[PDB]
């Protein structure tokens, strides 16, 4: 099972400046619950966005996708194609925009957090992938975060 997990503003922005322009503590617990114990695949930029102290994420098989021949990610496996990173019973692609887009054709599930924040799309932003008609998703109820923002969860799936 290959899944994609991300948090977006309603506008689809997921990253900017090598960072995420909000904080949603509930989503961090939700992200950790979904990915805990499994393989996580991420782009090399996303891997660089994590501080060295949190790298690699605990309890998960961290894999970093890069075109650099002998790129070294201390604590993670480095592969040159996504397919090499996808060989586990359960794999979660955790970003970024480039790797979500590359990974979607191999994905059966998407766990999407939508953050009710008026964040306009900006040139150079990392964006969430657009899900077509083949994706059947369940919309969650609006939830209020300890951070003061409103959000809701989407669980998409295709057969």
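Rigid core: the largest C-alpha set superposing within 1.5 Å between the two forms. Residue numbers count along the first chain shown, from 1.
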- Query: Comparing C-alpha positions in 8 other deposited structures of this protein against this form, with the rigid core used for the fit, which stretch differs more, 66 to 74 or 110 to 118?
  - Reply: 66 to 74
- RMS over structures and residues, CA atoms, rigid core fit in 8 other deposited structures of this protein: 134 to 142 vs 17 to 25, larger is 17 to 25
- Going by the entry, of stretches 129 to 137 and 53 to 61 the one with greater average Cα B-factor is 129 to 137
- Task: Mind pulling up the entry and telling me whether 86 to 94 or 30 to 38 has the higher mean Cα temperature factor?
- Result: 86 to 94
- Comparing against every modelled residue in the chain, figure out the third that the C-alpha B-factor of residue 151 lands in (lowest, middle or highest). middle
- Query: Mind checking which third residue 68 falls in for C-alpha B-factor across the chain?
  - Reply: highest
- Message: Can you tell me whether residue 117 has a C-alpha B-factor in the lowest, middle or highest third compared with the other modelled residues of the same chain?
- Response: highest
- Item | Cα B factor band for residue 23 (lowest, middle or highest third within the chain) | middle
